[PDB]
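Pasting work38.pdb here (PDB, C-alpha atoms):
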ATOM      1  CA  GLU A   1       0.000   0.000   0.000  1.00  0.00           C
ATOM      2  CA  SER A   2       1.285   3.441  -0.988  1.00  0.00           C
ATOM      3  CA  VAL A   3      -0.833   6.597  -0.841  1.00  0.00           C
ATOM      4  CA  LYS A   4      -0.064   8.813  -3.835  1.00  0.00           C
ATOM      5  CA  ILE A   5      -0.499  12.577  -3.511  1.00  0.00           C
TER       6      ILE A   5
ATOM      7  CA  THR B   1      20.990  10.426   6.066  1.00  0.00           C
ATOM      8  CA  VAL B   2      21.113  13.898   4.525  1.00  0.00           C
ATOM      9  CA  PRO B   3      18.485  16.514   5.553  1.00  0.00           C
ATOM     10  CA  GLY B   4      17.110  18.286   2.496  1.00  0.00           C
ATOM     11  CA  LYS B   5      14.008  20.262   1.555  1.00  0.00           C
ATOM     12  CA  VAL B   6      12.719  21.206  -1.895  1.00  0.00           C
ATOM     13  CA  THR B   7       9.982  23.681  -2.824  1.00  0.00           C
ATOM     14  CA  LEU B   8       7.906  21.893  -5.464  1.00  0.00           C
ATOM     15  CA  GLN B   9       4.793  23.539  -6.899  1.00  0.00           C
ATOM     16  CA  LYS B  10       1.515  21.624  -7.142  1.00  0.00           C
ATOM     17  CA  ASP B  11       0.305  20.332 -10.506  1.00  0.00           C
ATOM     18  CA  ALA B  12      -2.956  20.985 -12.351  1.00  0.00           C
ATOM     19  CA  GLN B  13      -4.639  18.187 -10.400  1.00  0.00           C
ATOM     20  CA  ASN B  14      -3.378  19.533  -7.060  1.00  0.00           C
ATOM     21  CA  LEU B  15      -0.999  16.567  -6.843  1.00  0.00           C
ATOM     22  CA  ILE B  16       2.790  16.913  -6.885  1.00  0.00           C
ATOM     23  CA  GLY B  17       2.922  13.226  -7.757  1.00  0.00           C
ATOM     24  CA  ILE B  18       4.738  11.193  -5.112  1.00  0.00           C
ATOM     25  CA  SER B  19       3.996   7.986  -3.203  1.00  0.00           C
ATOM     26  CA  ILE B  20       4.757   7.346   0.467  1.00  0.00           C
ATOM     27  CA  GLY B  21       4.674   4.584   3.061  1.00  0.00           C
ATOM     28  CA  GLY B  22       4.180   4.526   6.812  1.00  0.00           C
ATOM     29  CA  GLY B  23       2.125   3.283   9.735  1.00  0.00           C
ATOM     30  CA  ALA B  24       1.292   4.304  13.297  1.00  0.00           C
ATOM     31  CA  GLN B  25       1.882   3.254  16.905  1.00  0.00           C
ATOM     32  CA  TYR B  26       4.882   1.303  15.605  1.00  0.00           C
ATOM     33  CA  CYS B  27       5.987   2.654  12.223  1.00  0.00           C
ATOM     34  CA  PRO B  28       5.316   6.433  12.412  1.00  0.00           C
ATOM     35  CA  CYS B  29       8.349   6.991  10.174  1.00  0.00           C
ATOM     36  CA  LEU B  30       6.853   8.076   6.847  1.00  0.00           C
ATOM     37  CA  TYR B  31       9.009   7.652   3.742  1.00  0.00           C
ATOM     38  CA  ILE B  32       8.755   7.941  -0.040  1.00  0.00           C
ATOM     39  CA  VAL B  33       8.164   4.916  -2.268  1.00  0.00           C
ATOM     40  CA  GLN B  34       8.396   6.187  -5.844  1.00  0.00           C
ATOM     41  CA  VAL B  35       7.391   8.925  -8.288  1.00  0.00           C
ATOM     42  CA  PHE B  36       5.015   9.155 -11.243  1.00  0.00           C
ATOM     43  CA  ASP B  37       5.698  10.315 -14.799  1.00  0.00           C
ATOM     44  CA  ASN B  38       4.629  13.776 -15.959  1.00  0.00           C
ATOM     45  CA  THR B  39       4.707  14.932 -12.331  1.00  0.00           C
ATOM     46  CA  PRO B  40       6.373  18.104 -10.945  1.00  0.00           C
ATOM     47  CA  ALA B  41       8.244  15.908  -8.468  1.00  0.00           C
ATOM     48  CA  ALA B  42       9.645  13.786 -11.294  1.00  0.00           C
ATOM     49  CA  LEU B  43      10.230  16.470 -13.924  1.00  0.00           C
ATOM     50  CA  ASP B  44      11.968  18.583 -11.278  1.00  0.00           C
ATOM     51  CA  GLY B  45      14.196  15.739 -10.129  1.00  0.00           C
ATOM     52  CA  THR B  46      14.455  16.110  -6.359  1.00  0.00           C
ATOM     53  CA  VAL B  47      11.992  14.032  -4.342  1.00  0.00           C
ATOM     54  CA  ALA B  48      11.575  10.330  -5.110  1.00  0.00           C
ATOM     55  CA  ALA B  49      12.211   6.771  -3.927  1.00  0.00           C
ATOM     56  CA  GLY B  50      14.993   6.364  -1.381  1.00  0.00           C
ATOM     57  CA  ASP B  51      14.404   9.782   0.165  1.00  0.00           C
ATOM     58  CA  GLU B  52      12.628   9.751   3.528  1.00  0.00           C
ATOM     59  CA  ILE B  53      10.147  12.592   4.021  1.00  0.00           C
ATOM     60  CA  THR B  54      10.109  14.379   7.380  1.00  0.00           C
ATOM     61  CA  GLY B  55       8.422  17.702   6.691  1.00  0.00           C
ATOM     62  CA  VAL B  56       5.977  19.616   4.509  1.00  0.00           C
ATOM     63  CA  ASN B  57       5.743  23.379   3.995  1.00  0.00           C
ATOM     64  CA  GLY B  58       7.645  23.750   7.255  1.00  0.00           C
ATOM     65  CA  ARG B  59       5.301  21.485   9.201  1.00  0.00           C
ATOM     66  CA  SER B  60       6.431  18.188  10.729  1.00  0.00           C
ATOM     67  CA  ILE B  61       5.217  14.799   9.498  1.00  0.00           C
ATOM     68  CA  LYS B  62       7.447  12.538  11.605  1.00  0.00           C
ATOM     69  CA  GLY B  63       4.640  11.087  13.695  1.00  0.00           C
ATOM     70  CA  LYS B  64       1.496  11.564  11.622  1.00  0.00           C
ATOM     71  CA  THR B  65      -0.352   8.764   9.828  1.00  0.00           C
ATOM     72  CA  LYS B  66      -0.278   7.815   6.144  1.00  0.00           C
ATOM     73  CA  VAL B  67      -3.770   9.177   5.503  1.00  0.00           C
ATOM     74  CA  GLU B  68      -2.870  12.268   7.527  1.00  0.00           C
ATOM     75  CA  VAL B  69       0.248  13.086   5.508  1.00  0.00           C
ATOM     76  CA  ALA B  70      -1.477  12.299   2.208  1.00  0.00           C
ATOM     77  CA  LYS B  71      -4.374  14.661   2.917  1.00  0.00           C
ATOM     78  CA  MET B  72      -1.882  17.233   4.197  1.00  0.00           C
ATOM     79  CA  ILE B  73      -0.152  17.580   0.828  1.00  0.00           C
ATOM     80  CA  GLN B  74      -3.395  17.371  -1.150  1.00  0.00           C
ATOM     81  CA  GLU B  75      -4.700  20.207   1.022  1.00  0.00           C
ATOM     82  CA  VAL B  76      -1.705  22.483   0.460  1.00  0.00           C
ATOM     83  CA  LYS B  77      -1.851  24.592  -2.704  1.00  0.00           C
ATOM     84  CA  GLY B  78       0.895  26.339  -4.646  1.00  0.00           C
ATOM     85  CA  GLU B  79       4.590  26.067  -3.814  1.00  0.00           C
ATOM     86  CA  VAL B  80       4.634  22.913  -1.690  1.00  0.00           C
ATOM     87  CA  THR B  81       7.859  22.188   0.191  1.00  0.00           C
ATOM     88  CA  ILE B  82       8.957  18.685   1.188  1.00  0.00           C
ATOM     89  CA  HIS B  83      11.750  17.943   3.663  1.00  0.00           C
ATOM     90  CA  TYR B  84      13.170  14.669   2.346  1.00  0.00           C
ATOM     91  CA  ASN B  85      16.242  12.801   3.593  1.00  0.00           C
ATOM     92  CA  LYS B  86      18.693  11.260   1.125  1.00  0.00           C
ATOM     93  CA  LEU B  87      19.558   7.689   2.106  1.00  0.00           C
TER      94      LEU B  87
END

Would you put the structure from the file into structure tokens?
Amino acid sequence: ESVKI
Amino acid sequence: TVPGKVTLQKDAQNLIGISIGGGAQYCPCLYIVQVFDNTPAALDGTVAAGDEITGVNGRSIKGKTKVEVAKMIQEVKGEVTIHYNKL
């Protein structure tokens, strides 16, 4: 899981 | 590590374009995973995989949650600064 912003 | 901060401006979709990874109550250390193409973070060539983030626009992230940090950047508009650490 890796939140991209 | 090497403490460094870069002032990257937000894109058209209010997203500098950069992934992260961290937890909470055990892994509060948030870091960067990778970058996306056609992104200000990539085109600029500063923040990307390997560099551990520890700040944003002057604020501190070392302790916040993944969702917290993510929303933090998405909230900020304009010249967004990111204190990354070269490892």

Expand the PyMOL selection byres ((chain B and resi 65-73) around 9) into the individual residues it matches in the shown file, reporting them as a PyMOL selection string. (chain A and resi 2-5) or (chain B and resi 14-16+19-24+28-30+56-57+61-64+74-77+80)

Would you mind exporting C-alpha atoms of the selected residues as a JSON list (two decimals), in the coordinates of the input?
[["chain", "number", "residue", "atom", "x", "y", "z"],
["A", 2, "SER", "CA", 1.28, 3.44, -0.99],
["A", 3, "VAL", "CA", -0.83, 6.60, -0.84],
["A", 4, "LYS", "CA", -0.06, 8.81, -3.84],
["A", 5, "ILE", "CA", -0.50, 12.58, -3.51],
["B", 14, "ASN", "CA", -3.38, 19.53, -7.06],
["B", 15, "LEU", "CA", -1.00, 16.57, -6.84],
["B", 16, "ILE", "CA", 2.79, 16.91, -6.88],
["B", 19, "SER", "CA", 4.00, 7.99, -3.20],
["B", 20, "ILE", "CA", 4.76, 7.35, 0.47],
["B", 21, "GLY", "CA", 4.67, 4.58, 3.06],
["B", 22, "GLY", "CA", 4.18, 4.53, 6.81],
["B", 23, "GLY", "CA", 2.12, 3.28, 9.74],
["B", 24, "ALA", "CA", 1.29, 4.30, 13.30],
["B", 28, "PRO", "CA", 5.32, 6.43, 12.41],
["B", 29, "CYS", "CA", 8.35, 6.99, 10.17],
["B", 30, "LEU", "CA", 6.85, 8.08, 6.85],
["B", 56, "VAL", "CA", 5.98, 19.62, 4.51],
["B", 57, "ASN", "CA", 5.74, 23.38, 4.00],
["B", 61, "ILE", "CA", 5.22, 14.80, 9.50],
["B", 62, "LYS", "CA", 7.45, 12.54, 11.60],
["B", 63, "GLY", "CA", 4.64, 11.09, 13.70],
["B", 64, "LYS", "CA", 1.50, 11.56, 11.62],
["B", 74, "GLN", "CA", -3.40, 17.37, -1.15],
["B", 75, "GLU", "CA", -4.70, 20.21, 1.02],
["B", 76, "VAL", "CA", -1.70, 22.48, 0.46],
["B", 77, "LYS", "CA", -1.85, 24.59, -2.70],
["B", 80, "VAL", "CA", 4.63, 22.91, -1.69]]

Given the file above and the PyMOL selection byres ((chain B and resi 48) around 9), which residues are selected, and can you give them as number ranges by chain? B: 18-19, 32-35, 41-42, 45-47, 49-52, 84

Go ahead and save the picked residues with C-alpha atoms, as a PDB file, in the coordinates of the input.
ATOM      1  CA  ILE B  18       4.738  11.193  -5.112  1.00  0.00           C
ATOM      2  CA  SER B  19       3.996   7.986  -3.203  1.00  0.00           C
ATOM      3  CA  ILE B  32       8.755   7.941  -0.040  1.00  0.00           C
ATOM      4  CA  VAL B  33       8.164   4.916  -2.268  1.00  0.00           C
ATOM      5  CA  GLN B  34       8.396   6.187  -5.844  1.00  0.00           C
ATOM      6  CA  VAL B  35       7.391   8.925  -8.288  1.00  0.00           C
ATOM      7  CA  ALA B  41       8.244  15.908  -8.468  1.00  0.00           C
ATOM      8  CA  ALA B  42       9.645  13.786 -11.294  1.00  0.00           C
ATOM      9  CA  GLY B  45      14.196  15.739 -10.129  1.00  0.00           C
ATOM     10  CA  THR B  46      14.455  16.110  -6.359  1.00  0.00           C
ATOM     11  CA  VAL B  47      11.992  14.032  -4.342  1.00  0.00           C
ATOM     12  CA  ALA B  49      12.211   6.771  -3.927  1.00  0.00           C
ATOM     13  CA  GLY B  50      14.993   6.364  -1.381  1.00  0.00           C
ATOM     14  CA  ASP B  51      14.404   9.782   0.165  1.00  0.00           C
ATOM     15  CA  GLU B  52      12.628   9.751   3.528  1.00  0.00           C
ATOM     16  CA  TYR B  84      13.170  14.669   2.346  1.00  0.00           C
TER      17      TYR B  84
END

Could you tell me, as a PyMOL selection string, exactly which residues end up selected when the PyMOL selection byres ((chain B and resi 83) around 9) is applied to this structure? chain B and resi 3-7+47+52-58+60+81-82+84-85

Could you jot down the atom CA of residue 39 of chain B to atom CA of residue 59 of chain B separation for me, Å, one decimal place? 22.5 Å

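Relative to atom CA of residue 9 of chain B, atom CA of residue 86 of chain B is found at 20.2 Å.
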
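Atom CA of residue 10 of chain B is found 27.5 Å from atom CA of residue 27 of chain B.
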
Using all atoms listed in the file, find the one residue out of B:8, B:1, B:17, B:31 that sits nearest to chain A. B:17

Minimum-distance residue to chain A, chosen among B:13, B:2, B:43, B:25 (using all atoms listed in the file): B:13

Incomplete chain A brought to N, CA and C atoms, written out as a JSON list (two decimals), in the coordinates of the input:
[["chain", "number", "residue", "atom", "x", "y", "z"],
["A", 1, "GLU", "N", 0.83, -1.20, 0.00],
["A", 1, "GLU", "CA", 0.00, 0.00, 0.00],
["A", 1, "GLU", "C", 0.86, 1.26, 0.00],
["A", 2, "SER", "N", 0.54, 2.19, -0.89],
["A", 2, "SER", "CA", 1.28, 3.44, -0.99],
["A", 2, "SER", "C", 0.38, 4.58, -1.45],
["A", 3, "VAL", "N", 0.03, 5.46, -0.53],
["A", 3, "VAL", "CA", -0.83, 6.60, -0.84],
["A", 3, "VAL", "C", -0.11, 7.61, -1.72],
["A", 4, "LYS", "N", -0.66, 7.86, -2.90],
["A", 4, "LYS", "CA", -0.06, 8.81, -3.84],
["A", 4, "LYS", "C", -0.76, 10.17, -3.74],
["A", 5, "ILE", "N", 0.04, 11.23, -3.61],
["A", 5, "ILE", "CA", -0.50, 12.58, -3.51],
["A", 5, "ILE", "C", 0.34, 13.57, -4.31]]
